[PDB]
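Bear in mind these aren't lab numbers, they're just calculated from the coordinates by the rules spelled out. Cβ placement follows ideal geometry from the backbone for every residue including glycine, while neighbour counts extend to all protein chains displayed.
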Amino acid sequence: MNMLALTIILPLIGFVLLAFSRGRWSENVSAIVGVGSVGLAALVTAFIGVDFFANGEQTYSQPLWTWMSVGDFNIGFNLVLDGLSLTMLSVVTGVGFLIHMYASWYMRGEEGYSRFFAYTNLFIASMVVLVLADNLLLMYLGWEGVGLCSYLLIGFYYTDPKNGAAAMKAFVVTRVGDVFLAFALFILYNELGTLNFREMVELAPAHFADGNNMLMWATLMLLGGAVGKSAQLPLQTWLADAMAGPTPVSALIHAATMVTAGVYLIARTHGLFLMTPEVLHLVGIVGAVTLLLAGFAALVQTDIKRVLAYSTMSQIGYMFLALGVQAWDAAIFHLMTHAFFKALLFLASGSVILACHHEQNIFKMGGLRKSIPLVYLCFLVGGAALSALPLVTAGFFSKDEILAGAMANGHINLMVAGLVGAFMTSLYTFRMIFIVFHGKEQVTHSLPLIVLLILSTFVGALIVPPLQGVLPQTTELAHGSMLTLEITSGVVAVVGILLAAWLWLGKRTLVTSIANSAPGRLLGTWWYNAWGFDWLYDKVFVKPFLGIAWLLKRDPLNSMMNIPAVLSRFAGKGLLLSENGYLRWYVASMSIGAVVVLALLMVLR
Amino acid sequence: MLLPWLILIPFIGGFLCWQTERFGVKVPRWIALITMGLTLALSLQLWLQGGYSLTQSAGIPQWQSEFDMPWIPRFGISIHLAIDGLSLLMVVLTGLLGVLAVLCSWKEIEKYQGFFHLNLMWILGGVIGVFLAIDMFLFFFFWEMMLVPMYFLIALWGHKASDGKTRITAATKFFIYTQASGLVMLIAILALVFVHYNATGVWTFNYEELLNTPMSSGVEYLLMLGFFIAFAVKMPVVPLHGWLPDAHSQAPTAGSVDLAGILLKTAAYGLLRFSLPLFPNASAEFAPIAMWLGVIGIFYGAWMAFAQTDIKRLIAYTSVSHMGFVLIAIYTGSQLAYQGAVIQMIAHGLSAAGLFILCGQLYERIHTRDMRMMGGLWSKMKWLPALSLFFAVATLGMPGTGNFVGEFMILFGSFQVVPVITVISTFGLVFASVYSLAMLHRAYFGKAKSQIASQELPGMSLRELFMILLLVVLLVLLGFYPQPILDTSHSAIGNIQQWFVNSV
Ligand SMILES: CCCCCCCCCCCCCCCCCC(=O)OC[C@H](COP(=O)(O)OCCN)OC(=O)CCCCCCCCCCCCCCCCC
Ligand SMILES: CCCCCCCCCCCCCCCCCC(=O)OC[C@H](COP(=O)(O)OCCN)OC(=O)CCCCCCCCCCCCCCCCC
Ligand SMILES: CCCCCCCCCCCCCCCCCC(=O)OC[C@H](COP(=O)(O)OCCN)OC(=O)CCCCCCCCCCCCCCCCC
Ligand SMILES: CCCCCCCCCCCCCCCCCC(=O)OC[C@H](COP(=O)(O)OCCN)OC(=O)CCCCCCCCCCCCCCCCC
Ligand SMILES: CCCCCCCCCCCCCCCCCCCC
């Protein structure tokens, strides 16, 4: 278990080597370095899990050095490992290893190969730092590393200014959420005097026995940081534009690293959120609203990648609902299963966009099952797991546990919202699948596809998270009650896919009747632009920022301090009018001064 | 004992590099490099022999080294030098920045390089003397003496593409600002000395004797106002800030002048050393105005840096924002915020030094500085865009670099003191990320917007790459292991904080 720091050291070494290589190395050597770094991280993680289960699942701590030490401010470089940290360490390492294999096949002949692999290695290292951190400041270091690597990888094609604008907007939105996280850090250190999570859980109910407003503020700011990183309300707008990057970048962001950081922050500080029930209720409400809005947005999207983005938004909203109903185990189970099938869907979409020309609309594509059937069945199982198809997909069991935890704690409305979201999820997923793959035609990568094919089924559901002794157990349900909820969820999913097949498989006449209707056009244009959130954030934040910058670009304070210079020049030019060179005026001025001096002497005598 | 040599070795080296020009025109750069190496080695030996990690706070005065020699005994004026943790850290930073400034002017083989290097040596010696003098008249003397070579360097060796008259205007605005503010400082020094003389009856100009002075409220407020006006011009603090982009834009193209005396934060050292201990009640009353001026400086510098089409003016406004952060930290009264201010000072010096050297190299490569005439420089340059990305990431407060560490202890201490200033400054950090990304995407990303950026450019030499990688390594080490720097400056910061809070 002593090799816990190797999971950070090896991706850091790979990133440094591939950054200082500067593309001088061959493609095979760069691929070997990057994929081998992430694979050695995965192997060290596997050995760590073996040794973790061999010792009876005990929480381990590995300190390296003390980061900062000023008075009571003591922050250290201590890694921690419990069941949750091991769970998403395994998720991040394995999914990143598969994505790195797929990207090593995918980016052959691309400019920036070593730079891409260095950035992804730094992404992996930052997320391992995030999930292994014992305190909030080291987790903040991993948090900002995740944000910076996402910004660098989204705008990987730096020649296109749209990619750069998308990366800049994603970095700004994540940094606003990161500022909210720092607000939580400042409040927690000011109240408790420590930043270690276990020490907060120990010393919080004693300190907050009388007043709980500051703990409420800290948990609210933690929720703000979580919705900033996990793309929820009100900081969700960055993902659809962040889609503009490469495909394995999207797979790493939506499956392994970026969107799971908020869920990690909610689940790791579960004690502090348990001390603030209203904030946890707000987490559940935010998750429900985000999943509903994401489904309604993805129903009308005209691209595969945007549909997958809003599907990621909806499933992160599902996880936030699970956290809000105190179903933590269901949230982490859905975390790993959604990582598997969303990685599969994104890699399959990248294969599709490689096989079918350049980027195109979904209505351009049709009947693609015959030409590319392997990635068609990859899309089929990934959409079945996304839509929670019963008895064959791990997503069904994950959403089943989420909804069982939702209704087991009295959250009826959140369960209803989750069922409606599952219905809409099946609707948009099979709408995209039937539009793209049905109609009329117009070894490096096969192994990760095979692994994500297997893990998207119930084989992924066979993996039980080792979360006993870390997160509290969800309250159990009556067997008939969860049987009824299971059959209701299966009925909802099956009627969703049946409605999608009735609407989009054949000649879309009922679909084009709704779409070409004026209220249908209005609702489609509303949902297609992310419910006008980007428009509002441009008109409320971006536009006055640009206006203030344009107003201030002449430096008004510099002119306000240049006022006495122009006053001095004007006064000097005015005083130079007395020196006209006339002797009679000089004698007159001498007499004038004589009268002035004399009169001043007598009035002040 | 070593402190007089720490001051006059730059002066003697400047004299020798002026006088050695007849032996060859490539000689004075070697003399300047050797002299700055000796100064930095003396500072490092003082760091080793000081034992600063094991030094505890014992109260002002507490100097790990001292020196005294009478200079004008009529007024009780002596050349009085002293070193402790914070002063030695700033002297080491000055030596390192002077070494980088000498190495950054290696390729200038012009016919009057001896005067250039003598002026550089005199600037660095004046900065060291400012960091070392605990006699108020000597401190003011160094404070104004380090600016005449700056004026002559800007006005004569400045931006050769620009006309001379613009350089004259910029250098004259800089010198007028600094000298008028320092004249207000000298008036404050004289009035404090006369208050001491009326109270006790002995002529003195020593900071140790001027600490324990009996005085009323309102005169102390005016005296602190004079000191703060001088430091706020030098810091800079808005609206006394336009000399910084005016001097940076018309600086010599190597960027060594920015490293020599501009990027070394003598004003924050003066605020910590002289403004707070001599006038604690006035500083406590001025703390809301100081924090709000820092907030306005952060956001004004952010909005100016985003609006700038020029790289040097952009980095100048980044400096304005970061010293707004430091000014916020200085008046809180928290030891954590003070240590964060010291870390932010050192890390900002390193990061802005890297940014200025990279901008100078970029201007040497492309012969223009407007950002609308470049773009997509990642594909046309070998090392410069990657290091520029690292330094811009450093300036926005990214962990793994000391800027994040410094301003985060600043915000931690500030939130322990005042929450609203902290939250508004943290949105200022959002603005800082905004302007850093704006500079990166205007300069090195996108398509080429002119003809010079559409062709390949020559790469860096071993010297430039060595200096930039040294700055990168130092910034990464400061970001990940800042503990020796905190332990060096812990005693003096504790003395200043205890004096500030034990009298209010
Ligand atoms: C209910 C609300 C909940 C909170 C919501 C918070 C929303 C935060 C802001 C989200 C939107 C960020 C958009 C960033 C876009 C960046 C990309 C872009 O559009 O770049 C264009 C421009 C590029 O600059 P340049 O290269 O000079 O110009 C070339 C010509 N275009 O670059 C620009 O124009 C840069 C524009 C930057 C604007 C930054 C605005 C930050 C606002 C922070 C507000 C935080 C509020 C916190 C809550 C307060 C509650 C009281
Ligand atoms: C915080 C406020 C309170 C404390 C203030 C402390 C004082 C120091 C800080 C403020 C300094 C302000 C200096 C403003 C002028 C800077 C110098 C300058 O701009 O010079 C260039 C200018 C000529 O430039 P140009 O536009 O080309 O003119 C064509 C000439 N043929 O040259 C000219 O136009 C002529 C310059 C004449 C000399 C400079 C002006 C001195 C005026 C007195 C300054 C003292 C403070 C006065 C009160 C300040 C506000 C309260
Ligand atoms: C050519 C034309 C253009 C160029 C020239 C323009 C003008 C240049 C000169 C500008 C400055 C004018 C003089 C300013 C100082 C005034 C001093 C004063 O009025 O003092 C009165 C009083 C003295 O204190 P007293 O009450 O006697 O103390 C004993 C009680 N125990 O004091 C008190 O009771 C306390 C008073 C405190 C505040 C006095 C100073 C105000 C300064 C305002 C601007 C600065 C604001 C703060 C800093 C902002 C950032 C720089
Ligand atoms: C344009 C740039 C320059 C700025 C303008 C020029 C300077 C203006 C200074 C204004 C001073 C106003 C003083 C008003 C009260 C005078 C009478 C008085 O009450 O004196 C009190 C005291 C003498 O009586 P004593 O028995 O010594 O009592 C000890 C008191 N604790 O008196 C004393 O002990 C001495 C009082 C000294 C007061 C401070 C003087 C210098 C302050 C720094 C510079 C001015 C403020 C900063 C710049 C402002 C903006 C430019
Ligand atoms: C004044 C300029 C400061 C620049 C930043 C310096 C930051 C401190 C770096 C110290 C070295 C860190 C790496 C080696 C640690 C060795 C520890 C040995 C004893 C355990």
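Give B:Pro214, B:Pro252, B:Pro236 a once-over and let me know the one that is surrounded by fewer than 20 Cβ atoms within 10 Å (Cβ to Cβ) and either farther than 15 Å from B:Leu276 by Cβ or within 16 Å of ligand 5 (Cβ to nearest atom) (or both).
Testing whether each residue is surrounded by fewer than 20 Cβ atoms within 10 Å (Cβ to Cβ) and either farther than 15 Å from B:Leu276 by Cβ or within 16 Å of ligand 5 (Cβ to nearest atom) (or both) leaves just B:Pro214.
Kindly provide the set of residues from segment A:104-147 that are of a type in the set (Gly, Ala, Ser) and more than 13 Å from A:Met258 (Cα to Cα), ordered by number.
A:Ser104, A:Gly109, A:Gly112, A:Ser114, A:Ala118, A:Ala133
So if I check each of A:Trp531, A:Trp535, A:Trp526, which one is more than 16 Å from ligand 2 (Cβ to nearest atom), closer than 23 Å to A:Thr302 by Cα, away from chain B (no Cβ under 14 Å) and loosely packed, with under 13 Cβ neighbours inside 10 Å?
Within the list A:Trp531, A:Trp535, A:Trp526, the selection yields A:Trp535.
Do any helices (runs of 4 or more DSSP H) entirely within segment A:146-231 hold 1 or more residues that are within 13 Å of another protein chain (Cβ to nearest Cβ) and under 30 Å from B:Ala386 (Cβ atoms), and if so, which?
A:161-192, A:213-229
Just the residues that are over 25 Å from the mean Cα position of the chain (by Cα) and over 17 Å from A:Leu4 (Cα atoms), please, taken from segment A:67-108.
Selection gives A:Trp67, A:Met68, A:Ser69, A:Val70, A:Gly71, A:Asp72, A:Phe73, A:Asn74, A:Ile75, A:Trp105, A:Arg108.
Kindly provide the set of residues from segment B:33-68 that are polar (S, T, N, Q), surrounded by 14 or more Cβ atoms within 10 Å (Cβ to Cβ) and more than 23 Å from B:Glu208 (Cα to Cα), ordered by number.
B:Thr35, B:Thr39, B:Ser43, listed by residue number.
Could you list, in sequence order, all residues of segment A:13-24 that are more than 17 Å from A:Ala103 (Cα to Cα) and of a type in the set (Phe, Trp, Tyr)?
Correct list: A:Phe20 only.
Name every residue in segment B:13-29 that is surrounded by 15 or more Cβ atoms within 10 Å (Cβ to Cβ), part of a helix (DSSP H, G or I) and of a type in the set (A, V, I, L, M, F, W, C), in order of residue number.
Quick first cut of segment B:13-29, residues surrounded by 15 or more Cβ atoms within 10 Å (Cβ to Cβ) only: B:13-18, B:20-21, B:25, B:27-29.
Among the residues that remain, those that are also part of a helix (DSSP H, G or I) are: B:13-18, B:21, B:27-29.
B:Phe15, B:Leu16, B:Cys17, B:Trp18, B:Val27, listed by residue number.
Just need a number here: residues in segment A:431-453 that are loosely packed, with under 13 Cβ neighbours inside 10 Å and hydrophobic (A, V, I, L, M, F, W, C).
1
Sort out which residues of segment A:170-215 are surrounded by fewer than 22 Cβ atoms within 10 Å (Cβ to Cβ) and basic (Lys, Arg), and write them in order of number.
Hit for segment A:170-215 is A:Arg198, nothing else.
Out of (1) closer than 26 Å to B:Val92 by Cα; (2) touching a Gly at 6+ places or on another chain (Cβ under 7 Å), the odd one out for B:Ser275 is which?
(2)
Assuming B:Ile410 fulfils every condition listed in (1) among the β-branched types (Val, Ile, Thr); (2) more than 10 Å from every other protein chain (Cβ to nearest Cβ); (3) surrounded by fewer than 24 Cβ atoms within 10 Å (Cβ to Cβ) apart from one, which condition is it?
Every listed condition holds for B:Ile410 apart from (3).
If you scan segment B:204-221, which residues turn out to be more than 6 Å from ligand 3 (Cβ to nearest atom) and either more than 18 Å from B:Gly76 (Cβ to Cβ) or of a type in the set (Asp, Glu) (or both)?
So the first thing to find is which residues in segment B:204-221 are more than 6 Å from ligand 3 (Cβ to nearest atom), and the list is B:204-215, B:220.
B:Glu208, B:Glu209, B:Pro214, B:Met215, B:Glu220 - these are the residues of segment B:204-221 that are more than 6 Å from ligand 3 (Cβ to nearest atom) and either more than 18 Å from B:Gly76 (Cβ to Cβ) or of a type in the set (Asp, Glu) (or both).
Only one of these conditions is not met by A:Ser250: (1) within 14 Å of another protein chain (Cβ to nearest Cβ); (2) under 30 Å from A:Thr302 (Cβ atoms). Which number is it?
Unmet for A:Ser250, out of (1) within 14 Å of another protein chain (Cβ to nearest Cβ); (2) under 30 Å from A:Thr302 (Cβ atoms): (1).
How about segment B:317-348: which of its residues are within 11 Å of chain A (Cβ to nearest Cβ) and either under 10 Å from B:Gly406 (Cβ atoms) or more than 16 Å from ligand 3 (Cβ to nearest atom) (or both)?
Residues of segment B:317-348 that are within 11 Å of chain A (Cβ to nearest Cβ), as a first pass: B:317, B:320, B:334-340, B:342-343.
If the condition is that a residue be within 11 Å of chain A (Cβ to nearest Cβ) and either under 10 Å from B:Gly406 (Cβ atoms) or more than 16 Å from ligand 3 (Cβ to nearest atom) (or both), then B:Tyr317, B:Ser334, B:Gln335, B:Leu336, B:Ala337, B:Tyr338, B:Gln339, B:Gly340, B:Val342, B:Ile343 are the ones that fit.
Of all residues in segment B:149-203, how many are buried (at least 17 other Cβ atoms within 10 Å of the Cβ), within 16 Å of ligand 3 (Cβ to nearest atom) and aromatic (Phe, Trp, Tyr)?
Number satisfying all stated conditions: 1.
So, in segment B:383-399, how many residues would count as being within 30 Å of B:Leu457 (Cβ to Cβ), facing chain A (nearest Cβ under 7 Å) and assigned to a loop (DSSP other than H, G, I, E, B)?
So the count comes out to 1.
In segment B:9-55, what residues are of a type in the set (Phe, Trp, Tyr) and touching a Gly at 6+ places or on another chain (Cβ under 6 Å)?
Keep residues of segment B:9-55 that are of a type in the set (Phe, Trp, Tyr), which gives B:11, B:15, B:18, B:23, B:30, B:47, B:52.
Residues satisfying the conditions are B:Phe11, B:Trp18, B:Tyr52.
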